[PDB]
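In what follows, a single structure is set out as structure tokens and then discussed.
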Amino acid sequence: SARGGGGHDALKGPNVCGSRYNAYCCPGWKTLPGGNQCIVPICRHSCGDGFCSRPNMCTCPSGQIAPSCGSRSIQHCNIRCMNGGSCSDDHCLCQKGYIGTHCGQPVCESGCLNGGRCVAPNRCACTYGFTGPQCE
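Taking the entry's author numbering, the leading residue of the sequence shown gets 43, the next gets one more, and so forth.
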């Protein structure tokens, strides 16, 4: 009996409401097939890559929580600024070498000598160990 606080009542979970005669899981919370645990919240919209953690609230694998899964959310400048990004009119400003909405996509001026990958501005990694002044 490692677990405790379950109670003598059939209903469980921190979401218990209703009278004894008609006790049930509070609004937004349901029960499991044949079960009576109120640990299953109802999500109005599908979370997709995430999962319903609370009534009308989805939780993404990134840890963020909101009505839906997505980079869009309210926080400080209400946007994701990175790579020296700056907040301007609810928009992230990206400097030379970095682009994208979140300003995290690097730009390779010299490109790659092969199937290399642009890690940073004017920087690329050689996939097949391709030699040269650009990659290598």
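C-beta: ideal position from N, C-alpha, C; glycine also.
In the pairwise beta carbon analysis, the segment 124 to 133 is classified as not touching the segment 153 to 161: fewer than three pairs are separated by under 8 Å. For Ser61, no beta strand (DSSP E) segment is defined, and its DSSP state is neither H nor E. By the 16-neighbour rule on beta-carbons within 10 angstroms, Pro69 is exposed.
Within the segment 51 to 134, the complete beta strand (DSSP E) runs of at least 3 residues fall at 93 to 96 and 99 to 101. Counting along the chain, the unbroken beta strand (DSSP E) around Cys160 starts and ends at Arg159 to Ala162. Excluding five sequence positions before and after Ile141, the CB atoms of its chain that fall closer than 7 Å to its own CB belong to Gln147 and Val149, given in chain order. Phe93 and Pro109 have their C-alpha atoms some 11 Å from each other. Looking at the backbone, the Cα of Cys168 and that of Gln176 are separated by about 9 Å.
Non-local beta-carbon contacts of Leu74 in its own chain, meaning distances under 7 Å to residues more than five positions away in sequence, involve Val82 in chain order.
In this structure, DSSP gives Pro175 a state outside helix and strand, which the three-state scheme calls coil. In the three-state scheme derived from DSSP, where H, G and I count as helix and E and B as strand, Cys154 is classed as coil. Membership of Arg165 in the beta strand (DSSP E) is indicated by the continuous run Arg165 to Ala167.
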